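A.B. asks: Handing over start35.pdb, PDB, C-alpha atoms.
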MODEL        1
ATOM      1  CA  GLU A   1     101.779 105.076 105.840
ATOM      2  CA  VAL A   2     101.870 103.666 102.336
ATOM      3  CA  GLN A   3     100.763 100.042 101.945
ATOM      4  CA  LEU A   4     102.290  98.130  99.037
ATOM      5  CA  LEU A   5     100.705  94.872  97.817
ATOM      6  CA  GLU A   6     102.722  92.713  95.447
ATOM      7  CA  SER A   7     101.624  90.020  93.033
ATOM      8  CA  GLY A   8     102.871  88.300  89.927
ATOM      9  CA  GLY A   9     105.720  86.035  91.000
ATOM     10  CA  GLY A  10     106.014  82.285  90.663
ATOM     11  CA  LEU A  11     108.043  79.590  88.914
ATOM     12  CA  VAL A  12     109.491  80.040  85.409
ATOM     13  CA  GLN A  13     112.133  78.465  83.192
ATOM     14  CA  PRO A  14     115.330  80.231  82.077
ATOM     15  CA  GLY A  15     114.622  82.464  79.145
ATOM     16  CA  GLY A  16     111.059  82.990  80.398
ATOM     17  CA  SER A  17     109.216  86.112  81.413
ATOM     18  CA  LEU A  18     107.051  87.310  84.286
ATOM     19  CA  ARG A  19     105.373  90.608  85.151
ATOM     20  CA  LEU A  20     105.247  91.695  88.771
ATOM     21  CA  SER A  21     102.692  94.160  90.102
ATOM     22  CA  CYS A  22     102.661  96.394  93.138
ATOM     23  CA  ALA A  23      99.466  98.158  94.168
ATOM     24  CA  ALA A  24      99.960 101.211  96.419
ATOM     25  CA  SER A  25      97.499 102.829  98.803
ATOM     26  CA  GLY A  26      97.462 105.079 101.824
ATOM     27  CA  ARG A  27      98.945 108.563 102.225
ATOM     28  CA  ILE A  28     101.040 108.762  99.083
ATOM     29  CA  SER A  29     103.168 111.862  98.600
ATOM     30  CA  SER A  30     103.226 113.981  95.490
ATOM     31  CA  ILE A  31     107.000 113.270  95.395
ATOM     32  CA  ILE A  32     107.443 109.507  95.683
ATOM     33  CA  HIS A  33     110.117 107.223  94.278
ATOM     34  CA  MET A  34     108.983 103.687  93.582
ATOM     35  CA  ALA A  35     111.393 100.792  93.316
ATOM     36  CA  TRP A  36     111.760  97.060  92.954
ATOM     37  CA  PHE A  37     114.372  95.370  95.124
ATOM     38  CA  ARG A  38     115.289  91.692  95.431
ATOM     39  CA  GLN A  39     116.749  89.447  98.141
ATOM     40  CA  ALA A  40     118.321  86.106  97.243
ATOM     41  CA  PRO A  41     120.212  83.575  99.404
ATOM     42  CA  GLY A  42     123.866  84.396  99.646
ATOM     43  CA  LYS A  43     123.514  88.003  98.471
ATOM     44  CA  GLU A  44     122.669  91.408  99.871
ATOM     45  CA  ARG A  45     119.348  93.090  99.167
ATOM     46  CA  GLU A  46     119.733  94.678  95.714
ATOM     47  CA  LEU A  47     117.997  97.531  93.919
ATOM     48  CA  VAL A  48     116.551  96.219  90.652
ATOM     49  CA  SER A  49     114.797  99.256  89.148
ATOM     50  CA  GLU A  50     113.273 102.580  90.185
ATOM     51  CA  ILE A  51     110.957 105.218  88.701
ATOM     52  CA  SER A  52     110.085 108.754  89.712
ATOM     53  CA  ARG A  53     106.666 110.343  89.216
ATOM     54  CA  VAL A  54     107.750 112.047  85.987
ATOM     55  CA  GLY A  55     109.029 108.706  84.695
ATOM     56  CA  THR A  56     112.816 108.862  85.092
ATOM     57  CA  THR A  57     114.128 105.326  85.509
ATOM     58  CA  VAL A  58     117.223 103.563  86.800
ATOM     59  CA  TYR A  59     118.184  99.916  86.475
ATOM     60  CA  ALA A  60     120.761  97.659  88.127
ATOM     61  CA  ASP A  61     123.546  96.908  85.666
ATOM     62  CA  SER A  62     122.752  93.191  85.753
ATOM     63  CA  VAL A  63     119.135  93.694  84.505
ATOM     64  CA  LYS A  64     119.651  96.480  81.956
ATOM     65  CA  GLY A  65     118.016  95.609  78.700
ATOM     66  CA  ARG A  66     116.056  92.665  80.161
ATOM     67  CA  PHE A  67     113.741  94.287  82.728
ATOM     68  CA  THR A  68     111.384  97.263  82.290
ATOM     69  CA  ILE A  69     109.617  99.131  85.096
ATOM     70  CA  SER A  70     106.175 100.543  84.294
ATOM     71  CA  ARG A  71     102.892 101.755  85.800
ATOM     72  CA  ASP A  72      99.112 101.843  85.544
ATOM     73  CA  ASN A  73      98.238 104.994  87.516
ATOM     74  CA  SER A  74      94.505 104.320  87.206
ATOM     75  CA  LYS A  75      95.142 101.431  89.651
ATOM     76  CA  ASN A  76      97.989 103.150  91.583
ATOM     77  CA  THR A  77     100.098 100.225  90.386
ATOM     78  CA  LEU A  78     103.777  99.761  89.642
ATOM     79  CA  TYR A  79     104.885  96.945  87.321
ATOM     80  CA  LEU A  80     108.153  95.138  86.595
ATOM     81  CA  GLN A  81     108.307  93.314  83.285
ATOM     82  CA  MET A  82     111.062  90.699  83.485
ATOM     83  CA  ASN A  83     112.245  89.197  80.229
ATOM     84  CA  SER A  84     115.090  86.773  79.430
ATOM     85  CA  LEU A  85     115.091  85.502  83.009
ATOM     86  CA  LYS A  86     118.227  83.772  84.292
ATOM     87  CA  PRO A  87     118.764  81.443  87.299
ATOM     88  CA  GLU A  88     120.587  84.224  89.115
ATOM     89  CA  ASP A  89     117.384  86.305  89.005
ATOM     90  CA  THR A  90     115.851  83.925  91.564
ATOM     91  CA  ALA A  91     114.910  85.925  94.648
ATOM     92  CA  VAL A  92     112.077  87.396  96.631
ATOM     93  CA  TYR A  93     111.202  90.632  94.871
ATOM     94  CA  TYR A  94     109.903  93.568  96.929
ATOM     95  CA  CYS A  95     108.025  96.774  95.991
ATOM     96  CA  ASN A  96     109.431  99.834  97.845
ATOM     97  CA  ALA A  97     108.299 103.429  98.110
ATOM     98  CA  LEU A  98     110.486 106.291  99.299
ATOM     99  CA  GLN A  99     108.988 109.555 100.443
ATOM    100  CA  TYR A 100     109.417 112.030 103.241
ATOM    101  CA  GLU A 101     107.396 111.969 106.426
ATOM    102  CA  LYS A 102     107.524 114.730 109.041
ATOM    103  CA  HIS A 103     110.625 113.356 110.808
ATOM    104  CA  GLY A 104     112.560 112.180 107.765
ATOM    105  CA  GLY A 105     112.556 109.729 104.954
ATOM    106  CA  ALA A 106     110.448 106.577 105.012
ATOM    107  CA  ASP A 107     111.116 103.477 102.910
ATOM    108  CA  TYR A 108     107.842 101.550 102.760
ATOM    109  CA  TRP A 109     108.037  97.833 101.895
ATOM    110  CA  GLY A 110     105.716  95.401 100.226
ATOM    111  CA  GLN A 111     105.494  91.849 101.468
ATOM    112  CA  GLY A 112     107.501  90.285  98.658
ATOM    113  CA  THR A 113     106.690  87.931  95.787
ATOM    114  CA  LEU A 114     108.913  84.916  95.162
ATOM    115  CA  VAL A 115     110.427  84.400  91.713
ATOM    116  CA  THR A 116     112.197  81.133  91.027
ATOM    117  CA  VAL A 117     113.960  80.641  87.692
ATOM    118  CA  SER A 118     115.074  77.039  87.205
ATOM    119  CA  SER A 119     115.431  74.341  84.563
ATOM    120  CA  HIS A 120     115.102  71.663  87.296
ATOM    121  CA  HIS A 121     112.190  72.637  89.553
TER     122      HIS A 121
ENDMDL
END
Show how you would write the structure in this file as structure tokens.
C.D. replies:
Amino acid sequence: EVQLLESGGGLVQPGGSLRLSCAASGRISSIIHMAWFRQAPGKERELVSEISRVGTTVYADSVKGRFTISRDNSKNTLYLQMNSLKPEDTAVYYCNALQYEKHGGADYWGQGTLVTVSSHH
């Protein structure tokens, strides 16, 4: 198993910024794809960004240019810098890790960290 511990969310105004963190531990594969997903009311779970060990990245079209995925490997930590936040970015954000186990792929989940972007909290 890989345990994923998220932090960094909270309340912010439109145009604001937040940085999420995801600390990984456990039996982490040499080939591991790390991702941020989000779940909002009225929408399906959505991939936000992903990074491979060599640093290739992908972004959802709706966050391109505004969000940046990053790492501090000395802490086994994945980050998501969110800039220029919009109300439609409100969601629970999850850390995810995708690697093989003996029987097949495993998609490990963090707990989630809530991000609420609003002018009228």
A.B. asks: Apply the PyMOL selection byres ((chain A and resi 97-107) around 10) to the file shown and report the selected residues as a ChimeraX atom specification.
C.D. replies: /A:1-4,24,28-36,50-52,95-96,108-110
A.B. asks: What do you get, as a PDB file with C-alpha atoms, keeping the file's coordinate frame, if you spell out every residue that the PyMOL selection byres ((chain A and resi 39-48) around 10) selects here?
C.D. replies:
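Just written: out.pdb:
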ATOM      1  CA  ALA A  35     111.393 100.792  93.316  1.00  0.00           C
ATOM      2  CA  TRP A  36     111.760  97.060  92.954  1.00  0.00           C
ATOM      3  CA  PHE A  37     114.372  95.370  95.124  1.00  0.00           C
ATOM      4  CA  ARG A  38     115.289  91.692  95.431  1.00  0.00           C
ATOM      5  CA  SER A  49     114.797  99.256  89.148  1.00  0.00           C
ATOM      6  CA  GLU A  50     113.273 102.580  90.185  1.00  0.00           C
ATOM      7  CA  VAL A  58     117.223 103.563  86.800  1.00  0.00           C
ATOM      8  CA  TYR A  59     118.184  99.916  86.475  1.00  0.00           C
ATOM      9  CA  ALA A  60     120.761  97.659  88.127  1.00  0.00           C
ATOM     10  CA  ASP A  61     123.546  96.908  85.666  1.00  0.00           C
ATOM     11  CA  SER A  62     122.752  93.191  85.753  1.00  0.00           C
ATOM     12  CA  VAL A  63     119.135  93.694  84.505  1.00  0.00           C
ATOM     13  CA  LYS A  64     119.651  96.480  81.956  1.00  0.00           C
ATOM     14  CA  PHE A  67     113.741  94.287  82.728  1.00  0.00           C
ATOM     15  CA  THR A  68     111.384  97.263  82.290  1.00  0.00           C
ATOM     16  CA  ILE A  69     109.617  99.131  85.096  1.00  0.00           C
ATOM     17  CA  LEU A  80     108.153  95.138  86.595  1.00  0.00           C
ATOM     18  CA  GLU A  88     120.587  84.224  89.115  1.00  0.00           C
ATOM     19  CA  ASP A  89     117.384  86.305  89.005  1.00  0.00           C
ATOM     20  CA  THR A  90     115.851  83.925  91.564  1.00  0.00           C
ATOM     21  CA  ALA A  91     114.910  85.925  94.648  1.00  0.00           C
ATOM     22  CA  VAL A  92     112.077  87.396  96.631  1.00  0.00           C
ATOM     23  CA  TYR A  93     111.202  90.632  94.871  1.00  0.00           C
ATOM     24  CA  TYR A  94     109.903  93.568  96.929  1.00  0.00           C
ATOM     25  CA  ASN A  96     109.431  99.834  97.845  1.00  0.00           C
ATOM     26  CA  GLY A 112     107.501  90.285  98.658  1.00  0.00           C
ATOM     27  CA  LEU A 114     108.913  84.916  95.162  1.00  0.00           C
ATOM     28  CA  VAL A 115     110.427  84.400  91.713  1.00  0.00           C
TER      29      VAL A 115
END
A.B. asks: Pick the closest to residue 21 in chain A from A:118, A:57, A:111, A:81: which is it, counting only C-alpha atoms?
C.D. replies: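 When distances to residue 21 in chain A are compared using only C-alpha atoms, the smallest one comes from A:81.
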A.B. asks: On this file, the PyMOL selection byres ((chain A and resi 15) around 7) gives some set of residues; write that set as a PyMOL selection string.
C.D. replies: chain A and resi 13-14+16-17+84-86
A.B. asks: Identify which of the residues A:25, A:10, A:87, A:5 lies closest to residue 117 in chain A, counting only C-alpha atoms when measuring atom-to-atom distances.
C.D. replies: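 Checking each of A:25, A:10, A:87, A:5 against residue 117 in chain A, counting only C-alpha atoms, the winner is A:87.
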A.B. asks: For residue 19 in chain A, which residue out of A:82, A:72, A:65, A:6 is the nearest one, using only C-alpha atoms?
C.D. replies: A:82
A.B. asks: Which value, in Å to one decimal, gives the distance between CA of residue 120 in chain A and CA of residue 7 in chain A?
C.D. replies: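 Value for the CA of residue 120 in chain A-CA of residue 7 in chain A distance: 23.5 Å.
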A.B. asks: First collect every listed atom of range 44-60 of chain A; then fit an axis-aligned box around them, widen it by 6 Å on each side, and give centre and edge lengths in Å to one decimal, as lines of an AutoDock Vina configuration file.
C.D. replies:
center_x = 114.7
center_y = 101.7
center_z = 92.3
size_x = 28.0
size_y = 32.6
size_z = 27.2
A.B. asks: Work out how far CA of residue 8 in chain A is from CA of residue 113 in chain A, in Å to one decimal.
C.D. replies: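 CA of residue 113 in chain A sits 7.0 Å away from CA of residue 8 in chain A.
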A.B. asks: Check the smallest atom-to-atom distance from each of A:20, A:12, A:83, A:116 to residue 66 in chain A using only C-alpha atoms, then report the winner.
C.D. replies: A:83
A.B. asks: To one decimal place in Å, what is the distance between CA of residue 27 in chain A and CA of residue 53 in chain A?
C.D. replies: 15.2 Å
